[PDB]
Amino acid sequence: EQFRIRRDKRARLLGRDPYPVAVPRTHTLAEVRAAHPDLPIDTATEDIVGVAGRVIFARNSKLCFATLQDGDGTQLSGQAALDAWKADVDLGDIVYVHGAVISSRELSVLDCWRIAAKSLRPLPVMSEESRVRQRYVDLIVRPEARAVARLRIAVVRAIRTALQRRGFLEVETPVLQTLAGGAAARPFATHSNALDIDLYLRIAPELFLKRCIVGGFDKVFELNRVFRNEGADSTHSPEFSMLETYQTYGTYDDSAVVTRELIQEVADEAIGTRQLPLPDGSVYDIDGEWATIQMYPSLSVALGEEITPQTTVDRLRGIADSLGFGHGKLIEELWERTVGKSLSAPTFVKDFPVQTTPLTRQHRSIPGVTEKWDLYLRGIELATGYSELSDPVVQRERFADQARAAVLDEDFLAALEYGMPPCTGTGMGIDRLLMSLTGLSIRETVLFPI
């Protein structure tokens, strides 16, 4: 109902300007605080300032007292002025005030005032799914939302800083592709009016990033959304921000180091500690070195028998039954369903079934396995790293097998047959990075989900 009284204060203000083109705000409230950090309380200083702020509290009394909250969360007596103030000023109203900075019997500004923005809705004094459907109000009313938003920003900025330092170059590769490669996922398809064909929202930059390496790039990344037309869950969302990285004259052993160094550098710059406090009352250490295990061996120890590339699916099936399609898939599933869930400490698992790893080079010594890793941090599948498959004929086969389960990405296969140097790729989910770092749920990490 208060929706209508506010709209009526708008209408009756309209030769007063409730949405004025400008106001001469001289300082943010942070700026005013950082200025006057220990003012002898109940004393006046002649520093004049134009400040603005959301009136999130009032206390009307010859003298009104409000709380102007700046958008970051920082907080900071005309007879006709006072009347206007009382009659015109609600809560969730953005308000400019020019005057002398004092401190009360709390830092306050005491000469002029004007409405910067008249709110036609009061602030709710919030369900998880009304915080996310209205992040703008979440951000106004919940200091955690304001912190979470600025963390992702600081994390993402730490990432670019960490890669750039290492002489990586961020590139922009197509989001609309004639076919979407670089991952096992169902695409989002959109009809082009221009070309009168369907196009595919990238699932991954990998194949394009690989064309760059052929193209002569030493070190490339892309930090940007990918689109996986599948079901959202606690670790999955169909649109998500991803990092991918490609370094020439390195292997998965090289990219494992960098991936660690990167994450530890992000914890530092964004969070200021590797002793990650969680909402579980606990602290998750990610400092120091991280344990590498091979999938097969680790799976074997867990099952109490030797599982190799050579282990039949008939065998694996049986073991999977005893616990409650293909070899590679069964290995990964068993490994996840056994060792995976057990892992607490940050852990690289490497040497992957050649089946479930089409783009990854076969292992240098070990037959049957590919030089891929996965990084598990705080029990979340965080980040993968490959020694990259630069053999077009093999690559052609891997895809052939894929298709059989039949048009291939011929341009990509063309690119490879020009010659790709030996290079190691990584992928890493930013939402998972934040989840893994914070204990925040995926829906809290992104600004505007649905």
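Just count from 1 along the sequence shown to find any residue number.
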_Size class of the missing deposited segment between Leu110 and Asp111_ = 1 to 3
*Select one of none, 1 to 3, 4 to 9, or 10 or more to describe the deposited residues without coordinates separating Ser77 and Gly78.*
4 to 9
*Could you check the entry and say whether 426-434 or 16-24 has the higher mean CA B-factor?*
16-24
*When the C-alpha temperature factors are averaged for each of 135-143 and 255-263, which stretch ends up with the higher value in the entry?*
135-143
*Highest Cα B-factor in the deposition, which of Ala383, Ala405, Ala52, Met420?*
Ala405
*From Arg152, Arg121, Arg361, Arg315, can you pick the one with the highest C-alpha B factor in the entry?*
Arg121
*Comparing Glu289 with the other modelled residues of its chain, is its CA B-factor in the lowest, middle or highest third?*
lowest
*Using the B-factors in the PDB entry, rank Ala35's C-alpha atom against the chain and give the third, lowest, middle or highest.*
highest
*Would you mind ranking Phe188 by its C-alpha B-factor against the rest of the chain and naming the third, lowest, middle or highest?*
middle
_Position of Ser237 among the chain's modelled residues by C-alpha B-factor, lowest, middle or highest third_ = middle
*Within this chain's modelled residues, let me know which third the CA B factor of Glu388 belongs to: lowest, middle or highest.*
lowest
